[PDB]
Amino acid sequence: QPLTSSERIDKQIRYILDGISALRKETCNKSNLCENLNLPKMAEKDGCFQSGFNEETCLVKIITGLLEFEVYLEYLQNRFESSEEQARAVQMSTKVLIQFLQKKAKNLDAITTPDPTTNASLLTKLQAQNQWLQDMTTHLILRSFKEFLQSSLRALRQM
């Protein structure tokens, strides 16, 4: 029995969570404090929770949110000299996931693309913080991205 489109998405999310787990271990090892910021987050109106569950509004939110996360994953790869390959694997893994999800939504279309030139300003603002605030930013991106993916996986199984 070959993987269905749903099973492939489900596996790809668990695969990226295993990667975030591995990239957290390298960025925490490297941090000298380990071992404002508006990151995508599910709310009840997005239709991804059991209360107010709405399959179509939910799938649009998952895709919109992953697209909004890409500049943060570029921030991680641009920073992690040592964890270079691992951070790039997470970016490219997230790109394949977005492609699987866009095939599922091919019936819906539209979707809010983030503005490129706002994302290039965000990037510069993030890279000009002192090392403390950049280590905090890294932690908050990895935590928030993990929580988005777990919420996405729960919603996708309820479809």
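One-based numbering along the sequence shown.
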Q | Missing coords for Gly52 in a third or more of other PDB entries | A | no
**Q.** Unmodelled in at least a third of other entries of this protein, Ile111
**A.** yes
Q) What number of residues from the deposited sequence go unmodelled in the gap from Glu35 to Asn36, classed as none, 1 to 3, 4 to 9, or 10 or more? A) 4 to 9
Q: Quick one: say whether 55-63 or 114-122 has the higher mean Cα B-factor in the deposited entry.
A: 114-122
Q | Residue stretch of maximal mean CA temperature factor, 124-132 vs 104-112 | A | 104-112
Q: Tell me which of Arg14, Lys146, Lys25, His139 tops the list for C-alpha B factor in the record.
A: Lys25
Q) According to the deposited entry, which of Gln50, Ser31, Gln99, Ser93 has the largest Cα B-factor? A) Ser31
Q) C-alpha B factor of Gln1, ranked within the chain: lowest, middle or highest third? A) highest
